[PDB]
Each structure stands twice: as structure tokens, then as C-alpha cells.
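Presented below, as C-alpha cells, is a lone chain in the form deposited in one PDB entry.
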């Protein structure tokens, strides 16, 4: 691994997400449909039994699992639950009928997640599927099925392309399951259409990078931050805050935007930066109401908003205008500006963004 033109490996890994996602899609999209034949000819038999999906993960992989739950329920109609592995492995849980256990890990050796999989064997799940970046790892070996993310090696201190490539795999599995259930073929068609557009969409907003870098300067004297999102963007806010905290040591936390009135609002003042992801969807007007709560309360707003969402930059509201994006890939797309934000704030504070050597 050489940095090329990039100044840091984390920078390289964020900017290379278009190529990373195309690597994730290779051989898995054929004639406008999802092709998961790598799973073998025994997969469909199992997968079409599935009536429930249990996801186990931690950290950034838990956040990606949380996004996919919205997809599985809304697009594939399959009940889905996501749990932190360290809590699942020690608690007596209820049996869901015909449940598929999905594990998300980048290394495939994450102890609590692997411990959770080794417990699922004894509780009678239908089967297990590992979504992982390392072939031959324990989670892959010990799972019934496995789908590699093809993200390559990360040298940044936190995962960037590893998160978006997991989401990409999860979204392909949504499309495959939607077909296995006999749902309308248009669902798979629209998912595949969005995934095919996502690399170019990410390339489009990377042009906004130096805007994010300048706005990051506002974080120079701060050590708190608040991230807001709604719907399938709430886990993107959670991931944004995790990134900022892991890489910059800012006390960053995330809330579902419709819940500000339970604590956060009282602490919001002129010294609190509030970061919001605002796609142009059915939740936008409600989100604007939540954004106004923060604005009228003095918060310093940094809003990553679709370019036709109608926001106006004022003194305490800074708008980063995002290109249009297909709604099904919007959570993957809106993660990228938050990665850039954490990267730039980390460097401003003088913190390392790359692993030693």
C-alpha cells in the first residue's frame, strides 16, 4: 500500500469508496438483477425459508446492521432485529421462528460476535450468514453462508470503505430476499439501479470536500457535537458521531431527530455544533421542524442537505449542498460527508488519522 497522491491513508480510503463499492458489486449484478450464486446451489433453499433476520455486530458494523433493518422491513418485508453482540451473547433471548443469523465483522474474529454465532448453533436458528472482509476467518468458516465485502485493507484508524461496502452487501441481500419471497421484481430493479449509480454519486459529492474542510475549522475550539437523523438516516448519524469520537476525541453523540425534547435540547447552546443529514424524502419537512428546534435554541447547525431541499445558509446554519441521490442508497451516500468531516476535524486538532506504519 502506497498513498499515491493522497496525504493520509484515511483520505485515500474515503476517496476510493467509489472503486471499493464497484469491487463489492463485481460479479454480483447481472442483467439488472442481483446474482448471489457464490453462495452455492443450497442457498435459495435456506434463504427462502427465512421469516426473521437477527443481526449481531458491534461498533461501526452495528450501525450498518441498523441501516439494513429499515431496508429488510420496508423493501423485503422481513422482520429484522439488530443487537450488540456483547449483550446478546449473555442474555436469554426468545426464539424467533425461522430466523437467519447474520454476523457483521470486518476481521471475522470479533470475539463477542463470534461468541454470539457459536451460541446461535445451540438455539435453533435456521442458519447463519457472515458478512465479512477477511476470507477464511472464524466467522466465515463457522457460518453456513458467507458474503465478502471486497473492501481491501484499511490503514486509517477507523473504518470508512469497510462500512459502505457492508451496507452495499446488505442491500444486495435485501434485493435477493425480496425476489426469493415472490415480491415485485421492481424492488430488486430499483435497488440494483441505485447501487449501479452509487459510485458516481459519491464521486459527485467529493467535490464538496473542501467546503467540509473549511467548515471543520469551526470545530477547532469545540469538544462536543450532536448528530441528528431520522428514519434510515438515524444510524448514519450514529455512525457520524462514532467516527468523530473515535478519530477526534470529541464528545459526539447522536439522537433520532424527533426526540430532541428529552434532554439534548436543554444542553444545546451557541457552543454546541449540531450536524444533520437531510436527504430530500418524505421525512424532510418533519426534519426541518427538528432543525428549527435547534436553530431557535442557538445551536450551530451543519446541514448536509439535498441541493433542492430549500435550506438557506444563515449565521448559525451552514448548508453543505449534496447532489441528488436515489433514496435506496441515500444512507450509504450520506455517510461519506460525515467521514470527511471527522477526518478534517481530527487533523485540525492534530490527532492521527492513520495507524502507525
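What we label the rigid core is the largest C-alpha set whose atoms superpose within 1.5 Å from one form to the other. Positions refer to the first chain, counted from 1.
Note that the form deposited in another entry isn't included here; everything after this is about it.
Rigid-core fit between this form and the one not shown: of 298, 323, 40, 27, the one residue whose Cα shifts 2 angstroms or more is 298. Once both forms are fitted on their rigid core, the CA atom of residue 85 lies less than 2 Å apart between this form and the one not shown.
After superposing the rigid core, the C-alpha of residue 129 moves by less than 2 Å between this form and the one not shown. Relative to the superposed core, residue 287 undergoes a Cα shift of 2 Å or more between this form and the one not shown. A change of 3 Å or more separates the two forms for residue 76 and residue 282: their C-alpha atoms lie farther apart in the other form.
The gap between the Cα atoms of residue 293 and residue 230 is larger in the other form, by no less than 3 Å, than in this form.
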